[PDB]
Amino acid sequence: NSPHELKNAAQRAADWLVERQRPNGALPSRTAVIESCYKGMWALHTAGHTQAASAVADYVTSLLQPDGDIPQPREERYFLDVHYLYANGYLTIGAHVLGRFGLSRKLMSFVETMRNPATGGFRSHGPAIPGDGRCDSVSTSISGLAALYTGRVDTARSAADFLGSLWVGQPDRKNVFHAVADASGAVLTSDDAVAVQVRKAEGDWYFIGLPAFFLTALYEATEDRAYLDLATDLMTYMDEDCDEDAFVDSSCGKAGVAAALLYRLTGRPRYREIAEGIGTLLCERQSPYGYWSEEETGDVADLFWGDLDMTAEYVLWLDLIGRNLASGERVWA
């Protein structure tokens, strides 16, 4: 598919969401949880549905606590002790791009209270959830990206330092990507820490793909080739050392965005190929009705939270892939 076609798919999905948005601004999830709609502000704004995006901001604002967190409603364990701040990161970006500067300042200030100042990582478990202070690549990358959008570039550079340390410290990168470090900054290989089985088709690739996207954006912001080189290390790892599932699994969109940005910035044709392939696959999986769903077909009035999240996520990724491929073609051809 062409960049225009990727965007057409994103717009059909955004229209589907907006048609079913609730009066208070919540998106049509079968459970009322923040993990169903945290990407909604940014995705809907990207699609030009700024009134719907602002309505999500109104809903988010009504859940905001005095410390700047949204601790509830949350049910999915990945949003409790694996990467709690994954929700907060997209909320911060979406609020900021909408110009909701009070919301973005309060959300980002809370995010920063969970940063480990010695390692640059962001803690995996939220304030109400007990934990050992471990920090993971997804919490850290999304918090770094939110830092870029809010202008906290020092925080973003520190997040990149953590990701570099995590990458250098891998004990067996050919077989496993250990996505977590302890509070001292050493890679956590324990049974209970997220680990991508890179030679199996078992998903979780965004623990590598989201760092690759963030580091590429940080390179764009700073021109520091250390970040480009880490991003390309991660992309080459996914392309050459990881299972084919890395560019096929539902979580491959992050890598697709990173590849499209890398193509615009470097012109290397393999990055265009990776991005085009991922964009086309996501486009092919879209329901004729406009949403994306693991298991459901037909004309549903709402979705389970994970499918609703995936639908907003693919609005964002197809848009970002499409615009970076379009501009890359202009710049390099």
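Just count from 1 along the sequence shown to find any residue number.
| request: Averaging only over Cα atoms, indicate whether 237-245 or 103-111 has the higher B-factor in the PDB entry. | output: Comparing averages over the C-alpha atoms only gives 237-245.
| query | In the PDB record, does 71-79 or 183-191 carry the higher mean Cα temperature factor? | reply | Averaged over C-alpha atoms, the B-factors run higher in 183-191.
| Residue with maximal Cα B-factor (values as given in the PDB entry) among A43, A57, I34, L282 | Comparing C-alpha B-factors across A43, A57, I34, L282, the top value belongs to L282.
| Options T92, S139, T119, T216 - largest CA temperature factor per the record | Top of the list by C-alpha B-factor: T119.
| Within this chain, which third does the Cα B-factor at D309 fall in: lowest, middle or highest? | Within its chain, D309 is a middle-third residue by C-alpha B-factor, going by the deposited values.
| message | Ranking every modelled residue in this chain by its Cα temperature factor as given in the entry, which third contains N88? | response | Lowest third of the chain for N88's C-alpha B-factor.
| message | Quick check on the deposited entry: does the C-alpha B-factor of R30 sit in the lowest, middle or highest third of its chain? | response | Top third by C-alpha B-factor.
| said: Sorting by Cα B-factor within the chain, modelled residues only, which third would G267 end up in: lowest, middle or highest? | reply: Middle third by C-alpha B-factor.
| request: Divide the modelled residues of the chain into thirds by Cα B-factor and specify which third, lowest, middle or highest, holds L64. | output: CA B-factor rank for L64: middle third.
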